[PDB]
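What follows is one chain in structure tokens, specifically the form solved without ligand MGP.
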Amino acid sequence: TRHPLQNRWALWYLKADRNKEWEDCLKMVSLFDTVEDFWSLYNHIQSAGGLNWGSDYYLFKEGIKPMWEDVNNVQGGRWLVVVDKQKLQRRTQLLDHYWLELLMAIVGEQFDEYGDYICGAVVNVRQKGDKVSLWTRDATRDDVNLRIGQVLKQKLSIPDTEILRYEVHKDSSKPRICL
């Protein structure tokens, strides 16, 4: 069987190593461009919830480096979701729900007519609070980023109560949108 994806995606893995710099812990694990290979990959690697504290997964379109300085990210920003309210297994379960729902929404091109503006997704597994982020290309496009944020909240069942922040990458070196 073969269900081709609109885009070819690269999964990256940041291995926590207290002795090494970010760039020296990051590895491009695999590229994939079908539904089958997406699930083969996801099925055979640790879920976000099974990673050691300090680890990251990144999923970015092929050719986009998972760093804000990349030409495809530099004028862009991210929607940020922080997972820090719940505890132990409930927090872990919510983290895994957010990450996989996000990955499905991305590779399945579910962000209405704005898929060209999606760069990638990032999960940071951290003892103090996990972070799940959706990175977009152009921080000046409020129309794009607002709609993308709405879909994000819908897909991940993020309550109207919890307010998501869209942060501009450049400013990180105060949210532009709150939702």
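Between two forms, the rigid core is the largest collection of C-alphas that superpose within 1.5 Å. One-based numbering along the sequence shown. Residues that one form lacks are left out of the comparison.
The same protein also exists as the form solved in complex with ligand MGP; that form is not shown, yet it is the one meant from here on.
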| query | finding |
| --- | --- |
| Contact assignment for ligand MGP in the deposited complex, among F111, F38, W68, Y57, heavy atom within 4.5 Å | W68 |
| Proximity to ligand MGP in the deposited complex, single hit among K131, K153, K61, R137 (heavy atom within 4.5 Å) | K131 |
| Non-hydrogen atom contact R141 with ligand MGP in the deposited complex at 4.5 angstroms | no |
| Ligand MGP contact at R147 in the deposited complex, heavy atom, 4.5 Å | no |
| Displaced residue check between the shown form and the other one: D160, CA, 2 Å or over, core reference | no |
| Moved runs of 3+ residues, each with a C-alpha displacement of 2 angstroms or more between the shown form and the other one on the rigid core | 16-21 |
